[PDB]
Amino acid sequence: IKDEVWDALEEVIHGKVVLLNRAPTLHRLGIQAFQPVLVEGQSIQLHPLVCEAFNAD
Amino acid sequence: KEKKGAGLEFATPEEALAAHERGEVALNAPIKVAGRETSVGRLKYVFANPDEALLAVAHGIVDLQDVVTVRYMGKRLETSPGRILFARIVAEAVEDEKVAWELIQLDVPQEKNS
Amino acid sequence: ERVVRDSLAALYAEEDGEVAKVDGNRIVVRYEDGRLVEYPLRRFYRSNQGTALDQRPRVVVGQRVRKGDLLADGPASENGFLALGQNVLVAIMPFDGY
Amino acid sequence: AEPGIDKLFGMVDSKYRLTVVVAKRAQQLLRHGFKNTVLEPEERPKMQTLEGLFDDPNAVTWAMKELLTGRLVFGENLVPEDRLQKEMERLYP
Amino acid sequence: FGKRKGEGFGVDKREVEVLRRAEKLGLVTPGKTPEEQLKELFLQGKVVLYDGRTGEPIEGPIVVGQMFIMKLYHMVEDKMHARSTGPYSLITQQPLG
Amino acid sequence: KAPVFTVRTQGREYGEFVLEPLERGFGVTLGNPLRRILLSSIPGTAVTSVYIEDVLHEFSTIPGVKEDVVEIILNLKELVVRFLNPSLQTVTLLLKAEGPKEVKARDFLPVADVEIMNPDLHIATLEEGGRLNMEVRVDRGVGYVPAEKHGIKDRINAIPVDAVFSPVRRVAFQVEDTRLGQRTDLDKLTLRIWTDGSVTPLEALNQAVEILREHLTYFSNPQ
Amino acid sequence: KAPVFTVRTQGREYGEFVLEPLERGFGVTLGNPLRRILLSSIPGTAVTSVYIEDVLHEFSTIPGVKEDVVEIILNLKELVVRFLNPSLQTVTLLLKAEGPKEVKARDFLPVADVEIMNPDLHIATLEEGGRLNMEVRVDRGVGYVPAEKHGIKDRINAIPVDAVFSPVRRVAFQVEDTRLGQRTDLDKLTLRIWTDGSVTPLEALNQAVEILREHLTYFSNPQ
Amino acid sequence: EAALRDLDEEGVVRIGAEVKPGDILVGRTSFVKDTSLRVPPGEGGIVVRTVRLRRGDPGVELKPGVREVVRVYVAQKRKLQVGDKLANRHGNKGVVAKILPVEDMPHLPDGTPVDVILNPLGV
RNA sequence: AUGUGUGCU
Ligand SMILES: [Mg+2]
């Protein structure tokens with residue numbers, strides 16, 4: 001995996017959106033779509049506000 | 001709101017605007033004090049621009065929670081630079097500065113319900 | 001201190017005496033009764049869970065130990081106390097959204 | 001937020017109508033060459049590495065920013081089924 | 001604090017400001033010396049702290065100290081999934097492997 | 001590597017500057033010092049103290065002139081002037097008008113090499129028999145100083161006016177995250193500047209950079 | 001009114017630097033930005049990879065050694081190998097001994113322009129007939145470089161070590177006042193720097209100054 | 001042959017080698033297509049021990065049909081990274097969010113930074 | 001592929 005590949009990978013998504021699901025999904029807002037941002041680390045990073053939405057701590 | 005310091009009146013005393021003010025500078029009554037109607041901080045620090053009051057806070061002369069006098073959209077207002085800062089935040093967020101000041105409430109703090 | 005000994009974590013001394021050979025594989029013990037009994041120090045034994053169980057020596061060659069005194073540390077022991085983590089300098093305060 | 005969605009949700013009767021419109025637009029925009037776009041001279045979606053969104057990174061972006069202008073028209077029955085498909089592959093590569 | 005007081009340093013301007021605010025907060029007593037104010041704060045477990053990324057002092061004393069923290073048996077690498085297309089099963093076409 | 005500087009500037013007051021890619025941590029390390037300098041260092045001008053003819057106290061009211069003294073004092077703080085030569089350290093502006101007119105920042109009489117960068121600022125509306133003779137002081141301070149700190153008694157019973165020297169109205173910076181193929185934790189500096197019209201955001205910034213350099217050259221001669 | 005600069009470097013490890021006076025709050029406007037670069041940047045020198053006589057993987061033991069391989073290696077990170085010239089990029093130190101003796105770091109085989117400022121460091125205690133023969137490769141990089149990244153295979157069974165490149169160990173600034181009996185609100189900067197020896201605090205501060213300067217130059221040509 | 005650079009013994013991979021997701025751990029085939037044992041998409045690491053229970057087994061069980069088993073002990077050391085679970089004795093669970101470098105971290109008047117930052121809103 | 005059990009949510 002070199003620079004080329006990564007840059008191209010940003011070129012494949014752009015406006016592309018992914019679906020994120022919670023553990024016990026219960027109500028409609030149980031799954032939310034977001035636009036992926038290639039961040040480091042290993043864990044999934046999620047916005048604070050939609051926590052209460054599908055009850056995530 | 002702190003200790004009364006010394007005396008608690010300017011509901012109407014015409015002398016209290018020019019006299020009592022000096023008192024705080026002496027040592028009498030501190031800044032954001034319920035010295036009735038207003039407080040020294042509302043007399044001493046009258047900021048022209050709404051923005052300028054915020055520039056002042058960066059120079060540690062008035063905290064973001066001290067009650068002073070500002071001028072948003074042309075009229076005298078009794079409030080903290082923090083509150084007016086919130087107002088401006090709500091403004092610049094959605095760009096429409098008119099409804100910005102109208103939708104919020106600048107008379108109480110902000111909580112869950114607010 | 002009682003936890004580590006009763007849980008069979010580390011290895012203690014069985015009888016009074018001096019230190020013979022502090023190896024990373026063994027500790028030999030000078031029992032006053034003309035006996036040096038052999039102790040294995042076992043470095044990497046896969047726990048049932050997935051962690052690792054290590055024993056590391058704690059006395060140096062040529063020292064007098066006592067009956068019931070440690071000779072090494074268990075997978076969760078620092079000088080004979082229960083060590084299940086770290087002592088970090090923590091500041092309790094809000095920080096960005098992190 | 002997305003490119004002026006309140007204009008969009010209001011531009012139609014049902015919110016799902018918009019989804020289907022945007023979708024099928026993107027489809028025929030990708031399938032019959034990315035040239036049957038209706039706002040390609042200056043007012044056109046662009047990207048960040050080079051400015052190469054002028055070609056073909058996203059199909060939906062283009063549809064959404066397309067409907068923003070009165071260039072196209074949706075509806076139930078507008079064009080005969082087969083004819084549309086045929087002439088849409090004729091007029092473009 | 002004695003280390004500093006001896007070394008040739010003293011009450012930082014920042015510490016002064018923080019103390020000044022702590023007064024209106026009501027942790028320190030009004031009237032003592034900056035050193036004594038800091039003593040009172042240090043009694044309640046609280047102490048001046050600098051932002052680090054700015055150097056502007058956190059206007060308000062906070063409690064610091066060393067507490068005990070373990071790392072739990074869970075990790076992340078134990079639980080990590082990210083496959084797009086891969087193995088299926090002969091018995092069932094639902095993907096796993 | 002090497003970071004590009006990108007300008008999106010609107011007129012003479014607001015400007016948005018973005019400098020990227022940056023090394024991890026250098027974003028705030030660079031963005032924070034400049035903001036402290038911009039809000040405190042830049043040489044500007046302001047109304048230090050004012051003397052009106054029938055005004056004794058700061059909290060007074062003069063009949064014939066609609067607006068209370070204080071509100072006028074605020075507008076005095078709202079103007080912005082510029083000196084042509086460095087010689088002009090302290091200059092007094094001078095004004096006089098009566099009747100159903102209105103005073104704007106242009107009515108002040110031009111004293112030598114003094115330029116009023118902002119004219120149509122409304123000073124005060126006057127009624128019939130509305131007499132208004134007042135004078136203004138202008139120094140070249142640096143930042144903001146509360147009136148109750150200086151109070152330049154130019155005349156006898158002149159009024160202390162909070163001096164708003166700082167040309168910039170306000171300055172705010174943010175460090176977002178940009179990636180470089182490999183790593184994503186590359187800091188991204190976006191700094192926005194608000195001035196009064198005396199000087200473009202760009203000018204303020206250049207001034208800041210210089211001010212920081214001159215300070216980095218002090219750690220050269222040990223003793 | 002020109003900033004005086006003063007130095008109090010007690011030895012090679014500790015350093016103290018004083019600037020006085022500065023106008024308004026400019027003490028912190030300089031203290032922190034230096035502190036950032038002092039702890040982030042600056043070239044350091046550390047142990048990159050180590051090869052042991054018989055040891056293959058990191059998780060072994062050695063006959064005659066109290067500390068297992070990992071614990072021994074762990075001691076090598078707290079070792080300061082100071083070079084002399086920029087040419088030295090990859091100095092591969094070597095060491096071997098036996099018999100009951102605490103192998104102090106002062107036992108390494110000395111090299112041309114290379115001096116270890118950390119002589120008392122405990123590597124491993126040797127037992128009756130305990131022998132060790134190892135190659136400790138030393139590199140010159142910047143910042144925290146995780147062993148899991150570079151994977152410098154010196155030999156074939158050489159085990160990579162966390163690269164800790166940061167000669168400065170601690171930084172703390174204080175802001176006092178006085179001087180110039182005119183304006184009382186003044187700044188007095190005092191920057192304290194703690195380093196491991198490989199770079200004396202003075203050199204470090206200078207390098208940091210250079211970094212900040214260079215970065216300040218980047219705001220030059222817009223788009 | 002590049003994939004076999006680790007394969008030391010006749011069938012068994014060497015001890016002390018580095019195996020990665022997709023690396024060949026054991027080599028063997030059946031009816032001749034490769035049905036060997038490779039390192040799963042998770043992670044390998046460094047091999048520390050290799051046990052083999054042949055047919056000539058000095059008193060073992062061994063499953064029906066099987067002739068010999070090959071078990072590998074692949075060890076690896078993992079550091080605290082963003083996502084690991086942290087807690088105390090008083091009971092505050094919580095994942096790690098961000099590992100701010102030494103510089104931009106809350107530090108005392110003394111040159112001492114802070115190690116961990118706990119939100120008071122959890123108390 | 002089902003059951004038992006534990007762990008986390
Ligand atoms: Mg939970």
# chains A, B, ... in the order shown; residues from 1 in each chain; ligands from 1
$ residues_near_ligand --ligand "ligand 1" --cutoff "9 Å" --atoms "only C-alpha atoms (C1' of nucleotides) and all ligand atoms" --output "PDB file with C-alpha atoms (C1' of nucleotides), in the first residue's frame"
ATOM      1  CA  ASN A  55     -28.094   4.632  22.311  1.00  0.00           C
ATOM      2  CA  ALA A  56     -24.319   4.333  22.078  1.00  0.00           C
ATOM      3  CA  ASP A  57     -21.838   5.009  24.871  1.00  0.00           C
TER       4      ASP A  57
ATOM      5  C1'   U I   9     -23.292  -4.907  24.908  1.00  0.00           C
TER       6        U I   9
END
$ calpha_fit_rmsd --fixed "chain G" --moving "chain F"
2.3 Å
$ residues_around --residues "segment 72-83 of chain F" --least-positions-apart "6" --cutoff "8 Å" --atoms "only C-alpha atoms (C1' of nucleotides)" --output "mmCIF file with C-alpha atoms, in the first residue's frame"
data_model
loop_
_atom_site.group_PDB
_atom_site.id
_atom_site.type_symbol
_atom_site.label_atom_id
_atom_site.label_comp_id
_atom_site.auth_asym_id
_atom_site.auth_seq_id
_atom_site.Cartn_x
_atom_site.Cartn_y
_atom_site.Cartn_z
ATOM 1 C CA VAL B 46 -19.933 50.022 27.917
ATOM 2 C CA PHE B 47 -18.670 48.359 24.735
ATOM 3 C CA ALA B 48 -19.574 49.959 21.412
ATOM 4 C CA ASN B 49 -19.375 47.132 18.879
ATOM 5 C CA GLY F 44 -3.350 51.237 15.341
ATOM 6 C CA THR F 45 -5.322 54.265 16.539
ATOM 7 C CA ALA F 46 -8.301 55.073 18.764
ATOM 8 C CA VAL F 47 -10.244 57.823 20.524
ATOM 9 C CA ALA F 105 -17.041 61.104 10.894
ATOM 10 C CA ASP F 113 -1.530 64.342 7.699
ATOM 11 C CA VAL F 114 -4.565 62.677 9.298
ATOM 12 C CA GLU F 115 -6.759 60.403 7.161
ATOM 13 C CA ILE F 116 -10.289 59.341 8.121
ATOM 14 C CA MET F 117 -10.512 55.783 6.791
ATOM 15 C CA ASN F 118 -14.214 55.686 7.652
ATOM 16 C CA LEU F 121 -20.145 56.474 10.536
ATOM 17 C CA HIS F 122 -22.990 58.324 12.195
ATOM 18 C CA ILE F 123 -21.791 60.482 15.081
ATOM 19 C CA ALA F 124 -24.990 62.252 16.199
ATOM 20 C CA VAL F 161 -12.884 56.892 26.553
ATOM 21 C CA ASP F 162 -12.021 53.196 26.274
ATOM 22 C CA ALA F 163 -9.295 53.077 23.618
ATOM 23 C CA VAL F 164 -9.807 50.544 20.829
ATOM 24 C CA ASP F 196 -11.770 47.617 10.812
ATOM 25 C CA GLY F 197 -10.653 48.835 7.394
ATOM 26 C CA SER F 198 -7.413 50.487 8.465
#
$ residues_around --residues "residue 64 of chain C" --least-positions-apart "6" --cutoff "7 Å" --atoms "only C-alpha atoms (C1' of nucleotides)" --output "list in words"
residues 17, 18 and 19 of chain C
$ write_last_selection --atoms "N, CA and C atoms" --output "mmCIF file, in the first residue's frame"
data_model
loop_
_atom_site.group_PDB
_atom_site.id
_atom_site.type_symbol
_atom_site.label_atom_id
_atom_site.label_comp_id
_atom_site.auth_asym_id
_atom_site.auth_seq_id
_atom_site.Cartn_x
_atom_site.Cartn_y
_atom_site.Cartn_z
ATOM 1 N N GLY C 17 17.546 -19.167 54.619
ATOM 2 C CA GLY C 17 18.856 -19.288 54.010
ATOM 3 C C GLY C 17 19.260 -18.231 53.000
ATOM 4 N N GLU C 18 20.275 -18.562 52.207
ATOM 5 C CA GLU C 18 20.919 -17.608 51.313
ATOM 6 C C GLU C 18 20.601 -17.922 49.857
ATOM 7 N N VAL C 19 21.035 -17.046 48.961
ATOM 8 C CA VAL C 19 20.765 -17.197 47.543
ATOM 9 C C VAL C 19 21.921 -17.917 46.856
#
$ atom_distance --atom1 "atom CA of residue 100 of chain F" --atom2 "atom CA of residue 133 of chain F"
14.5 Å
$ closest_residue --among "A:44, A:1, A:8, A:17" --to "chain E" --atoms "only C-alpha atoms"
A:44
$ interface_residues --of "chain F" --to "chain G" --cutoff "6 Å" --atoms "only C-alpha atoms" --output "list in words"
residues 5, 6, 7, 29, 33, 222 and 223 of chain F
$ write_last_selection --atoms "N, CA and C atoms" --output "PDB file, in the first residue's frame"
ATOM      1  N   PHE F   5       0.169  28.085   1.085  1.00  0.00           N
ATOM      2  CA  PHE F   5      -0.613  29.119   1.744  1.00  0.00           C
ATOM      3  C   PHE F   5      -1.691  29.577   0.771  1.00  0.00           C
ATOM      4  N   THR F   6      -2.948  29.470   1.182  1.00  0.00           N
ATOM      5  CA  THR F   6      -4.065  29.751   0.284  1.00  0.00           C
ATOM      6  C   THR F   6      -4.978  30.849   0.833  1.00  0.00           C
ATOM      7  N   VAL F   7      -5.181  31.906   0.048  1.00  0.00           N
ATOM      8  CA  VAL F   7      -5.967  33.057   0.494  1.00  0.00           C
ATOM      9  C   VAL F   7      -7.358  33.135  -0.135  1.00  0.00           C
ATOM     10  N   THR F  29       0.467  25.105  17.380  1.00  0.00           N
ATOM     11  CA  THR F  29       1.758  25.696  17.707  1.00  0.00           C
ATOM     12  C   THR F  29       2.032  26.967  16.901  1.00  0.00           C
ATOM     13  N   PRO F  33       0.095  31.458  18.726  1.00  0.00           N
ATOM     14  CA  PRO F  33       0.913  32.646  19.015  1.00  0.00           C
ATOM     15  C   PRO F  33       0.516  33.871  18.194  1.00  0.00           C
ATOM     16  N   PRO F 222      24.017  35.647  24.546  1.00  0.00           N
ATOM     17  CA  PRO F 222      24.028  35.204  25.944  1.00  0.00           C
ATOM     18  C   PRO F 222      24.891  36.093  26.838  1.00  0.00           C
ATOM     19  N   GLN F 223      24.609  36.066  28.138  1.00  0.00           N
ATOM     20  CA  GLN F 223      25.402  36.788  29.127  1.00  0.00           C
ATOM     21  C   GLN F 223      25.505  36.012  30.433  1.00  0.00           C
TER      22      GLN F 223
END
$ residues_around --residues "segment 51-63 of chain B" --least-positions-apart "4" --cutoff "8 Å" --atoms "only C-alpha atoms (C1' of nucleotides)" --output "ChimeraX atom specification"
/B:47,70,81,85 /F:39,144,146,169-170
$ write_last_selection --atoms "N, CA, C and O atoms" --output "compact mmCIF listing (two decimals), in the first residue's frame"
# COMPACT_ATOMS: atom_id res chain seq x y z
N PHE B 47 -19.36 48.67 25.98
CA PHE B 47 -18.67 48.36 24.74
C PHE B 47 -19.51 48.74 23.52
O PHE B 47 -20.67 48.36 23.42
N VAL B 70 -23.73 46.06 26.21
CA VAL B 70 -23.32 45.96 24.82
C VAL B 70 -24.35 46.59 23.89
O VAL B 70 -25.34 47.17 24.33
N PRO B 81 -20.59 39.18 27.88
CA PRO B 81 -19.95 38.92 26.59
C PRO B 81 -20.14 37.46 26.17
O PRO B 81 -20.20 37.17 24.98
N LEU B 85 -21.83 36.25 22.79
CA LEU B 85 -20.99 35.36 22.01
C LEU B 85 -21.79 34.16 21.54
O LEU B 85 -21.67 33.74 20.39
N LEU F 39 -4.12 40.33 18.24
CA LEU F 39 -5.09 40.97 19.12
C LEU F 39 -4.45 41.92 20.13
O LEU F 39 -5.14 42.50 20.96
N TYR F 144 -6.22 47.11 23.35
CA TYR F 144 -7.36 47.68 24.06
C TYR F 144 -6.97 48.09 25.47
O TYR F 144 -6.35 47.32 26.20
N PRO F 146 -8.88 49.87 28.85
CA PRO F 146 -10.07 50.42 29.50
C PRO F 146 -9.89 51.90 29.80
O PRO F 146 -8.79 52.34 30.14
N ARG F 169 -10.75 43.50 14.36
CA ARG F 169 -11.96 43.39 15.15
C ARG F 169 -11.90 42.11 15.95
O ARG F 169 -12.19 42.10 17.14
N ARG F 170 -11.52 41.02 15.28
CA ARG F 170 -11.35 39.73 15.95
C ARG F 170 -10.65 38.71 15.06
O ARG F 170 -10.66 38.83 13.85
$ residues_around --residues "segment 27-38 of chain A" --least-positions-apart "4" --cutoff "12 Å" --atoms "only C-alpha atoms (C1' of nucleotides)" --output "ChimeraX atom specification"
/A:6-7,9-23,42-47,49-56 /D:1-2 /F:177-185
$ write_last_selection --atoms "C-alpha atoms" --output "CSV table (one decimal), in the first residue's frame"
chain,number,residue,atom,x,y,z
A,6,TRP,CA,-4.5,5.7,-1.0
A,7,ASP,CA,-5.1,8.8,-3.1
A,9,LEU,CA,-9.0,5.3,-2.7
A,10,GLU,CA,-10.1,8.8,-1.8
A,11,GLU,CA,-10.9,9.3,-5.5
A,12,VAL,CA,-13.3,6.3,-5.4
A,13,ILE,CA,-15.4,7.5,-2.5
A,14,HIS,CA,-16.0,11.2,-2.4
A,15,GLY,CA,-19.7,11.5,-2.0
A,16,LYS,CA,-20.1,7.8,-1.3
A,17,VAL,CA,-21.8,7.1,2.0
A,18,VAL,CA,-21.6,4.0,4.3
A,19,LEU,CA,-24.2,2.5,6.6
A,20,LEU,CA,-23.4,2.3,10.4
A,21,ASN,CA,-25.3,-0.2,12.6
A,22,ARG,CA,-25.7,-0.3,16.4
A,23,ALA,CA,-25.8,-3.4,18.7
A,42,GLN,CA,-8.1,1.0,14.2
A,43,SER,CA,-11.4,1.7,15.9
A,44,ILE,CA,-14.5,3.3,14.2
A,45,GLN,CA,-14.8,7.0,14.9
A,46,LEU,CA,-18.3,8.4,15.2
A,47,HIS,CA,-19.9,11.8,15.8
A,49,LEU,CA,-24.5,13.8,18.6
A,50,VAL,CA,-25.9,10.6,17.2
A,51,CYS,CA,-25.0,8.7,20.3
A,52,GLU,CA,-28.3,9.1,22.0
A,53,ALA,CA,-29.9,8.3,18.7
A,54,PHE,CA,-29.1,4.6,18.6
A,55,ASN,CA,-28.1,4.6,22.3
A,56,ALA,CA,-24.3,4.3,22.1
D,1,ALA,CA,-25.5,18.6,5.0
D,2,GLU,CA,-25.8,18.1,1.2
F,177,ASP,CA,-7.2,17.2,9.8
F,178,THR,CA,-5.7,16.6,6.3
F,179,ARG,CA,-4.0,13.5,5.0
F,180,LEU,CA,-0.9,12.9,2.8
F,181,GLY,CA,-1.6,9.5,1.3
F,182,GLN,CA,0.3,7.7,4.1
F,183,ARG,CA,-0.8,9.5,7.2
F,184,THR,CA,-4.0,11.4,8.0
F,185,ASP,CA,-3.0,13.0,11.2
$ select_by_dssp --residues "chain A" --states "helix (DSSP H, G or I)" --output "list in words"
residues 3, 4, 5, 6, 7, 8, 9, 10, 11, 12, 13, 28, 29, 30, 49, 50 and 51 of chain A
$ write_last_selection --atoms "C-alpha atoms" --output "mmCIF file, in the first residue's frame"
data_model
loop_
_atom_site.group_PDB
_atom_site.id
_atom_site.type_symbol
_atom_site.label_atom_id
_atom_site.label_comp_id
_atom_site.auth_asym_id
_atom_site.auth_seq_id
_atom_site.Cartn_x
_atom_site.Cartn_y
_atom_site.Cartn_z
ATOM 1 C CA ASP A 3 0.625 6.752 -1.684
ATOM 2 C CA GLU A 4 -0.830 6.092 -5.138
ATOM 3 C CA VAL A 5 -3.290 3.541 -3.821
ATOM 4 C CA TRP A 6 -4.495 5.723 -0.958
ATOM 5 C CA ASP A 7 -5.060 8.815 -3.086
ATOM 6 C CA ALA A 8 -6.947 6.721 -5.627
ATOM 7 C CA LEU A 9 -9.000 5.328 -2.745
ATOM 8 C CA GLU A 10 -10.062 8.827 -1.833
ATOM 9 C CA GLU A 11 -10.916 9.264 -5.509
ATOM 10 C CA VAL A 12 -13.286 6.260 -5.416
ATOM 11 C CA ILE A 13 -15.446 7.458 -2.524
ATOM 12 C CA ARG A 28 -35.706 3.659 12.829
ATOM 13 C CA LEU A 29 -32.684 5.800 13.702
ATOM 14 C CA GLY A 30 -30.893 2.587 14.649
ATOM 15 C CA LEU A 49 -24.458 13.822 18.645
ATOM 16 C CA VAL A 50 -25.906 10.627 17.181
ATOM 17 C CA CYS A 51 -24.961 8.654 20.285
#
$ interface_residues --of "chain G" --to "chain E" --cutoff "6 Å" --atoms "only C-alpha atoms" --output "list in words"
residues 32, 174, 175 and 176 of chain G
$ write_last_selection --atoms "N, CA, C and O atoms" --output "short mmCIF file (atom, residue, chain, number, x, y, z; two decimals), in the first residue's frame"
data_model
loop_
_atom_site.label_atom_id
_atom_site.label_comp_id
_atom_site.auth_asym_id
_atom_site.auth_seq_id
_atom_site.Cartn_x
_atom_site.Cartn_y
_atom_site.Cartn_z
N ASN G 32 5.24 28.77 25.34
CA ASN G 32 4.58 27.59 24.81
C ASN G 32 5.03 27.14 23.41
O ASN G 32 5.33 25.97 23.22
N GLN G 174 8.08 29.90 32.95
CA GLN G 174 7.46 30.76 33.96
C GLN G 174 7.47 32.21 33.49
O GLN G 174 8.41 32.66 32.83
N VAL G 175 6.43 32.94 33.86
CA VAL G 175 6.30 34.32 33.41
C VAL G 175 6.19 35.28 34.58
O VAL G 175 5.15 35.37 35.23
N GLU G 176 7.27 36.00 34.85
CA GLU G 176 7.28 36.94 35.96
C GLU G 176 7.21 38.35 35.41
O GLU G 176 6.76 38.56 34.28
#
$ interface_residues --of "chain C" --to "chain H" --cutoff "8 Å" --atoms "only C-alpha atoms" --output "list in words"
residues 88, 89, 90, 91, 92, 93, 94, 95 and 98 of chain C
$ write_last_selection --atoms "N, CA, C and O atoms" --output "PDB file, in the first residue's frame"
ATOM      1  N   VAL C  88      -0.738   5.953  36.904  1.00  0.00           N
ATOM      2  CA  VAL C  88      -0.553   7.071  35.992  1.00  0.00           C
ATOM      3  C   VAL C  88      -1.056   8.385  36.583  1.00  0.00           C
ATOM      4  O   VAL C  88      -2.056   8.413  37.301  1.00  0.00           O
ATOM      5  N   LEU C  89      -0.357   9.473  36.274  1.00  0.00           N
ATOM      6  CA  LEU C  89      -0.762  10.799  36.730  1.00  0.00           C
ATOM      7  C   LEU C  89      -1.963  11.286  35.917  1.00  0.00           C
ATOM      8  O   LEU C  89      -1.812  11.742  34.783  1.00  0.00           O
ATOM      9  N   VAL C  90      -3.152  11.176  36.508  1.00  0.00           N
ATOM     10  CA  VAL C  90      -4.406  11.517  35.835  1.00  0.00           C
ATOM     11  C   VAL C  90      -4.947  12.883  36.255  1.00  0.00           C
ATOM     12  O   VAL C  90      -4.981  13.209  37.442  1.00  0.00           O
ATOM     13  N   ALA C  91      -5.367  13.674  35.271  1.00  0.00           N
ATOM     14  CA  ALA C  91      -6.066  14.929  35.519  1.00  0.00           C
ATOM     15  C   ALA C  91      -7.520  14.781  35.092  1.00  0.00           C
ATOM     16  O   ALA C  91      -7.810  14.489  33.933  1.00  0.00           O
ATOM     17  N   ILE C  92      -8.431  14.966  36.039  1.00  0.00           N
ATOM     18  CA  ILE C  92      -9.847  14.800  35.760  1.00  0.00           C
ATOM     19  C   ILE C  92     -10.481  16.133  35.359  1.00  0.00           C
ATOM     20  O   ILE C  92     -10.635  17.041  36.179  1.00  0.00           O
ATOM     21  N   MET C  93     -10.829  16.232  34.078  1.00  0.00           N
ATOM     22  CA  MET C  93     -11.305  17.465  33.467  1.00  0.00           C
ATOM     23  C   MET C  93     -11.865  17.152  32.089  1.00  0.00           C
ATOM     24  O   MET C  93     -11.474  16.164  31.475  1.00  0.00           O
ATOM     25  N   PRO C  94     -12.791  17.987  31.595  1.00  0.00           N
ATOM     26  CA  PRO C  94     -13.289  17.795  30.230  1.00  0.00           C
ATOM     27  C   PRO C  94     -12.223  18.194  29.219  1.00  0.00           C
ATOM     28  O   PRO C  94     -11.484  19.139  29.474  1.00  0.00           O
ATOM     29  N   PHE C  95     -12.130  17.480  28.102  1.00  0.00           N
ATOM     30  CA  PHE C  95     -11.134  17.808  27.092  1.00  0.00           C
ATOM     31  C   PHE C  95     -11.668  17.606  25.685  1.00  0.00           C
ATOM     32  O   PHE C  95     -12.020  16.492  25.292  1.00  0.00           O
ATOM     33  N   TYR C  98     -12.849  14.635  23.214  1.00  0.00           N
ATOM     34  CA  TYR C  98     -12.138  13.368  23.310  1.00  0.00           C
ATOM     35  C   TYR C  98     -12.503  12.549  24.548  1.00  0.00           C
ATOM     36  O   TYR C  98     -12.310  11.338  24.563  1.00  0.00           O
TER      37      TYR C  98
END
$ residues_around --residues "residue 13 of chain F" --least-positions-apart "4" --cutoff "8 Å" --atoms "only C-alpha atoms (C1' of nucleotides)" --output "count of residues only"
8
$ select_by_dssp --residues "chain E" --states "strand (DSSP E or B)" --output "MDAnalysis selection string"
chainID E and resid 46:47 50 57 62:71
$ closest_residue --among "B:25, B:8, B:114, B:50" --to "residue 88 of chain B" --atoms "only C-alpha atoms"
B:50
$ atom_distance --atom1 "atom CA of residue 21 of chain H" --atom2 "atom CA of residue 69 of chain H"
21.6 Å
$ atom_distance --atom1 "atom CA of residue 53 of chain C" --atom2 "atom CA of residue 68 of chain E"
21.6 Å
$ closest_atom_pairs --of "chain C" --to "chain G" --cutoff "9 Å" --atoms "only C-alpha atoms" --output "CSV"
residue,atom,partner,partner_atom,distance
C:21,CA,G:127,CA,6.9
C:22,CA,G:66,CA,6.1
C:23,CA,G:66,CA,5.1
C:24,CA,G:66,CA,4.7
C:25,CA,G:63,CA,7.0
C:43,CA,G:61,CA,7.6
C:44,CA,G:59,CA,7.6
C:56,CA,G:67,CA,7.2
C:57,CA,G:66,CA,6.3
C:58,CA,G:66,CA,8.4
C:60,CA,G:66,CA,8.1
C:61,CA,G:127,CA,7.4
$ interface_residues --of "chain H" --to "chain G" --cutoff "12 Å" --atoms "only C-alpha atoms" --output "PyMOL selection string"
chain H and resi 6+14-18+45-49+73-81+100-113
$ decode --residues "segment 49-54 of chain A" --atoms "N, CA and C atoms" --output "PDB file, in the first residue's frame"
ATOM      1  N   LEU A  49     -23.026  13.532  18.562  1.00  0.00           N
ATOM      2  CA  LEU A  49     -24.458  13.822  18.645  1.00  0.00           C
ATOM      3  C   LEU A  49     -25.367  12.613  18.440  1.00  0.00           C
ATOM      4  N   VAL A  50     -25.023  11.743  17.499  1.00  0.00           N
ATOM      5  CA  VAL A  50     -25.906  10.627  17.181  1.00  0.00           C
ATOM      6  C   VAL A  50     -25.748   9.453  18.140  1.00  0.00           C
ATOM      7  N   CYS A  51     -25.128   9.701  19.289  1.00  0.00           N
ATOM      8  CA  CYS A  51     -24.961   8.654  20.285  1.00  0.00           C
ATOM      9  C   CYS A  51     -26.288   8.306  20.922  1.00  0.00           C
ATOM     10  N   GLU A  52     -26.990   9.329  21.395  1.00  0.00           N
ATOM     11  CA  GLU A  52     -28.276   9.128  22.042  1.00  0.00           C
ATOM     12  C   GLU A  52     -29.273   8.553  21.052  1.00  0.00           C
ATOM     13  N   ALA A  53     -29.042   8.823  19.771  1.00  0.00           N
ATOM     14  CA  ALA A  53     -29.896   8.311  18.708  1.00  0.00           C
ATOM     15  C   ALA A  53     -30.055   6.801  18.823  1.00  0.00           C
ATOM     16  N   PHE A  54     -29.015   6.049  18.492  1.00  0.00           N
ATOM     17  CA  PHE A  54     -29.105   4.603  18.624  1.00  0.00           C
ATOM     18  C   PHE A  54     -28.471   4.119  19.927  1.00  0.00           C
TER      19      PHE A  54
END
